[PDB]
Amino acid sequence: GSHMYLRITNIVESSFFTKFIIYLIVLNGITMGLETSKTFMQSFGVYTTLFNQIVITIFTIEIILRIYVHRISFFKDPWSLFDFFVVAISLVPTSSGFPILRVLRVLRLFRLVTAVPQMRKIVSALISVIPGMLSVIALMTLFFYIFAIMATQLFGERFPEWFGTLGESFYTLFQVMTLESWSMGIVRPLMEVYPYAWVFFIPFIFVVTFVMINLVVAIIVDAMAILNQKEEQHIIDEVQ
């Protein structure tokens, strides 16, 4: 709370500021989708690479300004910590070799979430249910890891593409979970060498599906014992 600090704060917390940031994001969005076309990039190539690092600096300025305003509440606000990390990624130069970092630039279009509250509310409601599932996710991951071990010991010999490695089984088992060609592509070929592989996979499909179903039925039915107690006491409220 000072002279220039508060002058800054009026700009950062302003309508024009976020409007402009969003306005820029949508442009850099169309910019980055047009960068897809070599027809475009052959012609108007530099027009966009410049436009990008114009926007990167603006976003860096904007992040710096928001830090001076928000102090510690910036590095505990997830939506800002995202904007920090998602813009810092775009500041690591292409001079560092690793080819994907020039592609991680595009994640800065996710600012359209953190800077638009309609999206922020949806995103929050989806993350809101994850912590209740963290213990069901835990059992599933242990389930996968136990069956990843067994499959790597049972099938990775005669089938190394699918099971020769704990990870290759993890991927394959996750594909069995999606039911993606689990039978025609995996178990039926496995069965023409190991006749009983169906004893492994048919129960695995049963458990990992039946659990996924109860994960949802838990979410719904347990969400609505609350609406049936928040109502109950507010009906017991008005009966004395």
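Heads up: residue numbers just count along the shown sequence, starting at 1.
The stretch 224-232 shows the higher mean C-alpha B-factor when 21-29 is compared against 224-232 in the entry. Relative to one another, 129-137 and 162-170 have unequal mean CA B-factors, and 129-137 is the one with the higher figure.
For the set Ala148, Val92, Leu142, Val116, the PDB entry puts the maximum C-alpha B factor at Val92. Residue-level inspection of the entry shows that, of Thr209, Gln175, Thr36, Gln53, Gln53 has the top Cα B-factor.
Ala197: CA B factor in the lowest third of modelled residues in this chain (values from the PDB entry). Sort the modelled residues of the chain by CA B factor and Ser73 lands in the highest third. Per the deposited record, the Cα B-factor of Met41 falls in the highest third when ranked against the other modelled residues of its chain. Placement of the Cα temperature factor of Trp182 within the chain: lowest third of the modelled residues, per the deposited record. For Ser124, the recorded CA temperature factor ranks within the middle third of the chain's modelled residues.
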